[PDB]
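Residue numbers (the entry's author numbering), protein chains in the order written: chain A, 252 to 302; chain B, 102 to 151; chain C, 43 to 549; chain D, 43 to 552; chain E, 52 to 101; chain F, 52 to 101.
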């Protein structure tokens, strides 16, 4: 579940698909996935206040 | 191959909404929390951490 | 001569494994039973798979001083009694009369009911049960508050209720005058219909309160101030302007301070009505009280309060008013409301079913005098019809044969919707329910009836139909009933109005 | 919480004089409430002054051996066990099979039920009470008997009951088989709903009994013999004709004589069912039994029995029958009855409301296994529709998913009328009630509902409105409940039918 | 904290007798339009003779 | 004598986390016409490197 902020009209959790069992993904793909996951969380001050 | 879920939720009487109310009461009121977010925001932060 | 072992004791594991079923379903929750045939989905509404169980029935009441037509009324005799008690305990020349003191003493009751109401709104919000999902939001919706405003603004709500208790606690009122203790007992308390964990809850909410409205040399006139109804999502600003409208004429006023100080000198500080304080740990638990349940079971709803803005075609000047005027009835406190109103300037044809003699029903077979007279408190019977003026009148009004220290206006029931998203449903009704001729409201009326019979001591229903031109009588289960005529209920009402307003011994 | 009012203690004389009220109105007669508003006679039917409290709800049942469509049924397992004990463990005769012995044991139960029936008719007629004017005539009307006949011919009734108990002793049947004890305990008791003075009364009456039929070498039947219904006003001669018709094919059959002597030899005279004698001093007082009330609550009426003269378009061969044939179906006893019949050749569309899963609610919060297994004895859930033989079919029939030792056909409630004679009213109804679109059906249905809610552990109602094409679900006050599906109730039915037909007097499982 | 809730939700009848046909029933119940595509039967054998 | 009213009137959110911008808001709601003459900003610094 990837966090999505819509502002005053709500807040989503959207799917972020993981690699499947034939994909042969390197470390750079998992680093891109982790950067895409925490992208909308470390710069949000709503998340900082709640944290 | 699994998908993490908060449970099925279509009204306020859901387990995730009851848990949202409980954790928002403990964080916001029993401890002096901030007032710029609601219970659904705190629960979705707790769901995004998982 | 040897009795052999039975089958259930020869195979106890078979019996205990076949009968292991999950009981104690949480209420506050929609349940689908499913189909046992499963081909019956072709029979769409002819198969009912829904199971909704209600949780809250709120009794919506109006506090009254009893019926009053002259100075021989029990409220005026009580005014005389309490005024000669207070005046003969206070050295000096008073500036107020007996009627001013009794009108102060009723306005203080409306303040104390307001404080118990907002403290109930506060103390409900901390209730949680896993097996009751109506807690606390259905209780808050039934009291007419926005439930999210109480959780979001909890400290401001606590400040408001503590300031109401501080500002209304500055006035004195006698503690040994059971009117205050009874109204506090009703307004502070959640009542289960049965002493179980998944029980249905009864509440008491004021429909209106009495606002003082000083007039000067032309007397004193307690006016209605309507409370928020269930479904109104009222916030703290609305309850604040309601409190400010209730105290605008008596907060920093000299006459109310003089009357309060005279009551404070007459009755000691131990003899005054104490308002409960509320912290963040204050909780009211649902209790089992058979006296509450006995008077709910024999409650009869009188209808909506008539206001000065309420339009009634053939009835002008019938608004509910506790009045006082030295020009009228020799300065007596006057209150005689007419009943059978619901808004909606037309005749509510279902109030004709309230013209029978009531049935007072109790459980067991031995009934004490205290139980019998406590079970008749919310009961009000009509006596005659009010006379219109103009030979063209749309509603039909009724005069009672006396009433207690409070009358019931309405009942509001909170259940769960059987349609998605299964939110709370709000149904307001009298004892008398009209079922007009349309296909929508037959199954809806049956759902209301099945919802009402879940409540163990629910008020007795009277149902009229449109095409039938016919009312059906008391829809309730009876155990040990008697038939009350209006004169027996009038005598019990006069006894209980006298007992509520009674002052101790000295002069 | 509400300190007591000190004014009531200081003036108890005024409180006692103001609250002298006539409670304990005797039930059995009409009461008028009167008028609070004396001018409300102009609003004639919009004011209800009537108060009709009912007294009797008769549960009309059919005794069953359980559902049986193969040899693995509980009745066939019981047939094998009792035939092994009678034929082989004791030296029995070899001219009959296990299905013959089991059908003899099933035909004896109808005799025992008939004896309990006429014994309850006799014991009711001596009951008169100042507090309950339903006694005894409403109980006698609900059982189908002319109540003046039992009064005028009390000695003849009293000796006929004893003669039934005497002539039933020509046939031997085991006493540890709790099928007989259950049916005798059901069809004789007067059951009170709340354990107070003028409480409501539940009875159990057989709708039909199983009459024995011998086809010779091509099988053996049990066919229905209909009992009188609650308006019939039957004299003693009708009940004597019914008892003569019941034992007509049993006392002259030497297969039954051989099987009777074999059961007598195998179990001994001390281990047989003893229908006990009644004297002139024999009374039944009504009892409080929360197991019986838990049976009546959550009971499910399956409809009328289907007879061979019954007219069912699209269903020509669906008459209720306990049949065995050595050529058919491994020689197993077959009872596969269709349900949902209303006595007419059309679709009773309120039985469509019996197609959802049932609710079983019990008192309290701690239910024992014995209590849960007892409370499901009259519950019957439909499973599938029957297949119509053809394409045109007016009724809709239902196959169950098993049933207990008895199915409910009907309920009959006796109440007083609200119109000016104020006589006894007889209403018969299922759990499912159709309210058709007519101007006079809604107030009558509401009176039926309000009479039903006087009975404490009443059956749960399912009301269908013809104007809305919509049914409403279980009209009852709930408690600690579950949702039962068909397989759980089928497992409980399997358990109880196995436990009823078990004879511990046998040499089995020691 | 709620052992009664757990013990009441999990009381199921185990130990079904073998030698017996079992119908599982439908969980969707509209699926009777899908006649043999839904399998509700449960047969368990008892004897394998060598 | 009235510590409940004192506790309810002084439930204040202290311990604002430093590192982010805070807006104070407007005591006078019409003071947006005086745009830069009203300062609603609060920027607390964290690091001074010598």
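Ideal Cβ positions, reconstructed from N, Cα and C, are used throughout, including at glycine.
Fill in: Residues from the stretch 73-88 of chain E in contact with chain C, defined by Cβ distance under 8 Å
76, 77, 80, 81, 83
Fill in: Local conformation of residue 92 of chain E per DSSP, three classes
strand
Practice prompt. Take residue 269 of chain D and list the residues in its own chain whose beta-carbon comes closer than 8 Å to its own, dropping the five residues that flank it on each side.
Written response: 159, 186, 247, 248, 249, 250, 251, 284
Worksheet item: Looking at the structure shown, is residue 135 of chain D part of a helix, part of a strand, or coil, going by DSSP?
Response: coil
Item to complete: Using a Cβ-Cβ cut-off of less than 7 Å, list which residues of the stretch 176-205 of chain C approach chain F; keep chain order.
Response: 197, 200, 201, 204, 205
Worksheet item: What are the start and end residues of the alpha helix (DSSP H) that includes residue 147 of chain D?
Response: 140-166
Worksheet item: Using a Cβ-Cβ distance under 8 Å, would residue 8 of chain C count as near chain E?
Response: There is no way to answer for residue 8 of chain C, as the model of chain C reaches only from 43 to 549.
Worksheet item: Which value, in whole angstroms, describes the spacing of the CA atoms of residue 235 of chain D and residue 497 of chain D?
Response: 6 Å
Worksheet entry | Three-state class that DSSP yields for residue 85 of chain C in the structure shown | coil
Practice prompt. Please decide whether residue 125 of chain B counts as near chain A, where near means a Cβ-Cβ distance under 8 Å.
Written response: no
Worksheet item: residue 299 of chain A touches chain F at which residues, Cβ-Cβ below 8 Å?
Response: 68, 70, 71
Fill in: Sub-8 Å separation of residue 423 of chain C and residue 508 of chain C beta-carbons
no
Worksheet item: Can the beta-carbon of residue 317 of chain C be found less than 8 Å from the beta-carbon of residue 146 of chain C?
Response: no
Discussion item. For a test of the three-state rule: what should DSSP assign to residue 460 of chain C, helix, strand or coil?
Written reply: coil
Worksheet entry | Identified DSSP bridge partners for residue 261 of chain C | C:258
Item to complete: Have a look at residue 162 of chain D and residue 100 of chain D and give me their C-alpha separation to the nearest angstrom.
Response: 13 Å
Worksheet entry | Chain-ordered neighbours of residue 465 of chain C on chain B, where CB pairs are closer than 8 Å | 112, 113
Fill in: Expected contact under 8 Å - CB spacing of residue 60 of chain C and residue 534 of chain D to nearest Å
5 Å
Practice prompt. Please list the partners that residue 462 of chain C has in chain B, where partner means a Cβ-to-Cβ separation under 9 Å.
Written response: 111, 112
Worksheet item: Can you pull the DSSP bridge partners for residue 62 of chain C?
Response: Answer is none; residue 62 of chain C lacks a bridge partner.
Discussion item. Which residues in chain B have a C-beta closer than 9 Å to the C-beta of residue 64 of chain F? List them in chain order.
Written reply: 133, 134, 135, 136
Worksheet item: Is residue 412 of chain C near the ligand PLP, in the sense that its beta carbon is under 7 Å from a heavy atom of that ligand?
Response: The model depicted lacks the ligand PLP and carries no ligand whatsoever.
Worksheet item: Quick one: does residue 523 of chain D have its CB under 8 Å from some CB of chain C?
Response: yes
Worksheet entry | Run of the alpha helix (DSSP H) containing residue 191 of chain C, from where it starts to where it stops | 189-194
Fill in: Span of the beta strand (DSSP E), counted from its first residue to its last, around residue 327 of chain C
First-last for residue 327 of chain C: undefined, no H or E at that position.
Practice prompt. With a cut-off of 8 Å on the beta carbons, I'd call residue 389 of chain C and residue 420 of chain C a contact; round off their distance for me.
Written response: That pair is no contact at about 25 Å.
Item to complete: Specify whether the stretch 542-552 of chain D and the stretch 134-142 of chain B touch according to this definition: at least 3 beta carbon pairs, one from each stretch, less than 8 Å apart.
Response: no
Worksheet item: Exposed or buried, which one is residue 133 of chain D when buried takes at least 16 other CB atoms within 10 Å?
Response: exposed
Fill in: Inter-residue Cα distance where the pair is residue 292 of chain C and residue 206 of chain C
13 Å
Worksheet item: Where do the ends of the beta strand (DSSP E) carrying residue 474 of chain D lie?
Response: 474-477
Practice prompt. State the Cα-Cα distance for the pair residue 518 of chain D and residue 231 of chain C, rounded to the nearest angstrom.
Written response: 28 Å
Worksheet item: Under three-state DSSP, which class holds residue 522 of chain C?
Response: strand
Practice prompt. Please list, in chain order, all residues of the same chain as residue 548 of chain C whose beta carbon is under 8 Å from its beta carbon, the five residues on each side excluded.
Written response: 127, 130, 131
Worksheet entry | Contacts of residue 60 of chain C in chain E (Cβ-Cβ under 7 Å) | 64
Fill in: 7 Å Cβ cut-off: residues of chain F touching residue 296 of chain A
71
Discussion item. Measuring alpha carbon to alpha carbon, tell me which residue in D:164, D:386, D:258 is nearest residue 346 of chain D.
Written reply: D:386
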